[PDB]
Amino acid sequence: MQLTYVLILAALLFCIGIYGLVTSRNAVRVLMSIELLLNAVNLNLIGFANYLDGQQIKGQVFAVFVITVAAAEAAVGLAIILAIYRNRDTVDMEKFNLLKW
Amino acid sequence: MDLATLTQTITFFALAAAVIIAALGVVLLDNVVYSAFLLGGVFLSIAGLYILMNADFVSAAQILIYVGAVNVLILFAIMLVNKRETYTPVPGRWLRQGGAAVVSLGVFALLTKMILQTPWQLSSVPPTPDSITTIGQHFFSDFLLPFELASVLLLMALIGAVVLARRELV
Amino acid sequence: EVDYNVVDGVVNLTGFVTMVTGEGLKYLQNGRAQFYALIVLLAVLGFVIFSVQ
Amino acid sequence: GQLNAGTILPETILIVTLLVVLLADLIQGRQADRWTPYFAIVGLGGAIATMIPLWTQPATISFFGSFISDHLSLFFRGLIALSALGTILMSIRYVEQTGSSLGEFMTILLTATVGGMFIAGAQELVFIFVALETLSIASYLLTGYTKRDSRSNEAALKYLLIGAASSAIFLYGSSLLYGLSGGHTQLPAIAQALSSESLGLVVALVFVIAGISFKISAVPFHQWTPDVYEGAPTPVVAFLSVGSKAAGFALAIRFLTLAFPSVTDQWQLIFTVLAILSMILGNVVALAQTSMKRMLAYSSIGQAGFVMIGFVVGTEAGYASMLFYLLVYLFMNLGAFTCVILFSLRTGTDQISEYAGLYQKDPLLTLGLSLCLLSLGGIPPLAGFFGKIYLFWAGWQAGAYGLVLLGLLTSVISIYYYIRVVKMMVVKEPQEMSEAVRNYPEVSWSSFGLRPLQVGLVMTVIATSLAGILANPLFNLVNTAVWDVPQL
Amino acid sequence: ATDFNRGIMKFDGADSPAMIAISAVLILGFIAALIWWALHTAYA
Amino acid sequence: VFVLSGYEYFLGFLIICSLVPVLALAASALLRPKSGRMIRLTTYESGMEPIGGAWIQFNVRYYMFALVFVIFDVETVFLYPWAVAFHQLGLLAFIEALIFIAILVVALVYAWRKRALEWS
C-alpha cells in the first residue's frame with residue numbers, strides 16, 4: 001500500500017487548507033490556503049496517474065492544467081487584494097463586513 | 001526493502017512530514033512572511049513528491065510556477081501590503097476557530113474513510129519514464145481544447161489583473 | 001369583533017409569521033466570506049452524511 | 001474519435017471577436033469605444049447565426065472525446081450568447097459613465113461567454129475545469145471592475161474566496177472521479193467504468209454538486225450571490241444571474257446525467273433538498289431587501305429553486321421545463337436589469353423606496369420593469385407564467401407533489417416583493433413620490449448608449465410579454481434539446 | 001376596533017380580549033357544532 | 001514503481017549541496033570572534049542613525065512585473081512539451097501552438113501598451 005498514503009497526505013493537505021481558508025484574518029493567507037487546496041488536488045491527480053494510469057498519464061496533464069489555472073487565479077486574487085487594499089488601507093478579513101444583510 | 005525502496009519510502013515520509021509541517025506553518029503562524037516562505041517550502045516538498053511518483057516534468061513545472069512565479073508574486077504582494085496592523089482578537093473567535101477545526105477534522109475523517117475503504121484499481125504495468133513526450137502528444141489530442149482555452153484564460157487574467165491593480169491618474 | 005379580530009388575526013398572522021422569517025433569515029447571510037465557506041463545507045459534510053443513510 | 005473543428009465556430013467567432021475588440025482598444029484607445037460594442041454585438045449575433053446550421057446536424061462529438069455538439073449544448077450556447085448580447089447592450093453607457101474602459105470590460109465579458117459556451121458541451125473533466133474557471137476568473141474580474149468602489153472590491157474579494165474554495169472542492173471531486181474510474185476523464189468513460197454506488201462516489205458527487213451549486217446559487221452555497229449582486233456592476237450581475245446560472249445548469253445536466261447515471265436517486269435527493277430550501281430562503285428573504293439589486297439576487301436564488309424543481313424530476317418534460325424556464329428567465333431578468341440600469345443611470349440610486357412616483361416621469365421604464373417583474377412573479381399573459389406552468393405540469397407528472405406545492409406557495413410569496421416595486425412605480429402618488437423622481441432628468445435616448453439600452457429594453461419586454469402565448473415554437477425548440485439527455 | 005364602537009354599536013367592553021375570546025369560542029364553536037352535526041345528522 | 005532514472009544522484013546532491021552552506025557557516029561559527037558586549041545591532045543608513053521613517057512606498061510595479069512573469073511563465077511551461085514532442089507532431093500541432101503563441105503575443109502587446117512594463 002502506497003497510493004493510499006499519497007491520498008491521505010493529499011486529504012490532510014486539503015483539510016489544512018480548509019482550516020485557514022475559513023480562519024485566517026489576513027486576506028493573503030486565505031489565498032495561501034487556496035493554493036494549499038489546489039496542491040492537495042494536484043497530489044491526488046499525480047498519485048492517481050502514477051498508481052492507476054501509468055501508461056497514459058492523463059492525471060499529469062490534468063495537474064499541469066490545474067497548476068497553470070491556479071497560477072492565474074492567484075494572480076487575479078492578489079490583484080483583487082491590492083484593489084481592496086488601495087481603498088481601505090487594511091487587508092483584514094474582519095474589516096470587509098460591509099455587504100451584510 | 002534493500003536500498004532503493006527503502007530510500008523511496010524514507011524520502012516519501014520525509015517530504016510528507018515537510019508538506020504537513022510547512023503547511024501548518026503556512027496556516028498557524030502569526031508572521032505572514034513566514035507563511036509566504038513556508039508556502040515555497042510546501043511547493044518544493046510537493047515537487048519532490050512528484051519526483052517520487054514518476055512525474056518529473058510536472059515536478060519541474062511545480063518548481064517553475066509555484067516556487068518560481070506564484071510564491072514570488074505572493075511575496076511581492078506581501079511586501080506591498082506590509083504594515084503593522086493591530087489585529088485585535090474578536091470575542092466570537094470560538095465560533096470561527098472551533099467550528100473550522102471540527103469541519104476540517106470531519107472532512108479529514110470522511111476522506112480517510114473513503115480512501116482506506118475504496119478498492120482502487122492498482123496497475124501492475126510500470127509507468128512511462130518519458131512523461132513530457134506523452135504530455136506533448138496529449139496537448140494536441142484529447143487535451144487540445146483546454147490547451148487553447150488556457151491561452152484565453154491567461155489573456156483575460158492578465159487583462160483583469162492589469163486593470164484592477166492600476167492607478168488611473170488622468 | 002370576532003370577524004375583525006380572530007379571523008383577520010389568523011390572516012394577518014399568516015402574513016406576519018412569513019415576514020419575521022426573512023427579517024431573521026437574512027442574518028444567516030451576515031457579510032463574512034469565511035462564514036460562507038464554513039457553511040459551504042458544513043453543507044458538503046451534511047450532504048455526504050445524509051446521502052449515506 | 002476525430003477532431004471536428006467546425007463545431008467550435010460559435011466560440012471561434014467569439015474568440016476572434018474578443019481579440020478584435022482588444023486589439024482595437026489597444027490601437028485606438030478609448031475612442032475605440034464608439035464602435036466596438038456594436039462589433040461585439042455583431043460577433044455574438046454571428047455566433048448565434050452559426051449555431052443555426054449546427055442545429056440540423058447529428059450529435060457529432062467534436063474533439064477527441066472533449067465536446068458534444070448536440071441540441072442541448074447548442075441551446076445553452078445560444079442562451080449564454082444571448083445573455084452576453086443583452087449584457088453588452090446594457091453596458092455601453094454604464095461602463096463609460098464610471099470612467100472605466102469599455103474594451104477591456106467587453107473582452108473579460110466575452111471570455112466569460114466563451115467559458116460558459118464551452119461549459120455547455122464538455123465531456124473531459126479537465127475541459128470542464130478549464131472552462132469553469134475561465135468563467136469563474138472572468139466573473140471575479142468583472143465583479144470588481146469598478147475598483148474605485150469599496151463594495152465592488154469587497155464583492156470581488158468575497159466572490160474569489162467562495163469561488164476558489166468551491167473550485168477546489170469541485171477539483172477534489174473531479175480528481176476522485178478520475179481515480180475511481182481507473183484512469184478515465186471523459187464522462188461516458190467514467191459512467192462505464194463505475195456503475196454502483198459506494199462511499200467515495202457519493203463523496204465525489206457531493207463535492208461536484210457543491211462546485212456546481214456555487215454557480216446555481218443553491219441555498220447553502222447562495223451566500224455569495226446577494227453580496228456580489230449588491231457590489232458588482234449591474235450588467236455584470238445581469239450576466240451572472242442569466243448566463244452564469246445557465247452555464248451552471250448546463251454543467252449540471254451535462255455532468256449528473258453523464259458522469260453519474262448510477263447514483264441518480266442520491267443526487268436527486270440532494271437537489272430536492274437544494275430546491276426546497278432554495279425556494280424557501282430565496283422567496284422569503286427578498287421580502288426584506290430594500291435594494292433592487294439585492295432583491296434581484298434573492299429572487300434569482302428563488303428562480304434557481306424553481307428551475308431545480310424541473311431538474312430534480314428526471315423525466316423528459318422536467319428537463320424541458322427547466323430549459324424553457326431558463327429561456328424565458330433570460331428575457332425577464334435582462335429586462336428587469338435593463339430597467340435597474342436605466343433608473344440608476346438617471347438617478348444614481350438603487351433603493352426600492354426611491355422608485356416612488358416614476359409613472360409620470362418615465363412611463364417606458366415603469367412599463368418595462370412592471371412587465372418583467374410581474375413576469376418573474378408569474379402573472380398570466382407574460383412568459384414566466386407559462387414557464388412556471390410547464391415547471392409544475394412536469395413535476396406533477398412524475399409525482400413530485402410537495403415540490404410543486406412549495407413552488408406555488410413561494411411564487412405567491414414572490415408576488416408580494418415584486419408587486420412592491422410595481423406599487424412604488426405605478427401606485428404611489430405624485431405628492432408621495434421620492435427625491436430621485438422629483439429631480440428626474442429629461443428622458444433622452446441620445447447620450448452615448450441609451451439607444452442600445454432602449455433597444456434591449458424594448459426587445460426583452462416584447463419577448464417576456466408576447467413569448468408566453470407564442471411559446472409553442474419555443475416548446476418545440478426546447479423539447480428537441482432534451483433527446484440528447486441520457487435516460488430522458 | 002375603536003371605529004366599531006361608535007353610534008348605535010357602542011358597548012363598553014366589547015373590544016376587550018376576554019369578551020372577544022368568549023364570543024369567538026361561542027360563535028366558532030357553534031360553527032363547528034353545526035358542521036359536525038350536518039356531517040352526522042344529514043345523510044348525503 | 002519508481003522508473004525515473006538519474007534521480008538517485010539528485011537526492012544525494014541536493015543533500016550535499018544543502019550541507020555545503022551549512023558546513024561553511026558552521027566552520028565559520030567555530031573559528032570566529034565571539035565578542036561584542038555592546039551594540040553589534042545597528043542598521044547601516046549610510047553612516048548614521050535611521051533617517052526618515054522605517055518604511056518604503058507602496059508601488060504596484062512589483063506586482064505588475066511578477067504578474068506578467070506568471071502569465072508568460074505559464075506560457076513557456078505549456079510550450080515545453082510542444083517543443084520536445086515536435087518531431088512526432090505535424091503541421092496541425094504547429095498551427096495549434098501558433099494559435100496559443102499568438103493569443104499570448106496579444107497578451108504581451110496588452111502588457112506593453114498599458115503601462116505595466118515600466119520603471120523600477
# chains A, B, ... in the order shown; residues from 1 in each chain; ligands from 1
$ residues_around --residues "region 85-92 of chain F" --least-positions-apart "6" --cutoff "10 Å" --atoms "only C-alpha atoms" --output "MDAnalysis selection string"
(chainID B and resid 132:137 139:140) or (chainID F and resid 98)
$ residues_around --residues "residue 169 (chain D)" --least-positions-apart "4" --cutoff "8 Å" --atoms "only C-alpha atoms" --output "list in words"
residues 165, 173, 207, 208, 210 and 211 of chain D
$ residues_around --residues "residue 24 (chain A)" --least-positions-apart "2" --cutoff "12 Å" --atoms "only C-alpha atoms" --output "VMD selection string"
(chain A and resid 16 to 22 26 to 34 91 to 94) or (chain B and resid 26 to 32 35 87 89 93 96 to 97 100) or (chain C and resid 33 to 35) or (chain D and resid 161)
$ residues_around --residues "residue 56 (chain A)" --least-positions-apart "5" --cutoff "10 Å" --atoms "only C-alpha atoms" --output "PyMOL selection string"
(chain A and resi 49-50+61) or (chain B and resi 127-128+131+134-135+138) or (chain D and resi 183-184)
$ residues_around --residues "region 5-13 of chain F" --least-positions-apart "6" --cutoff "9 Å" --atoms "only C-alpha atoms" --output "ChimeraX atom specification"
/B:4,11,51,129
$ interface_residues --of "chain F" --to "chain A" --cutoff "12 Å" --atoms "only C-alpha atoms" --output "list in words"
residues 1, 2, 3, 4, 58, 59, 60, 61, 62, 63, 64, 65, 66, 67, 68, 69, 70, 71, 72, 73, 74, 75, 76, 77, 78, 79, 80 and 81 of chain F
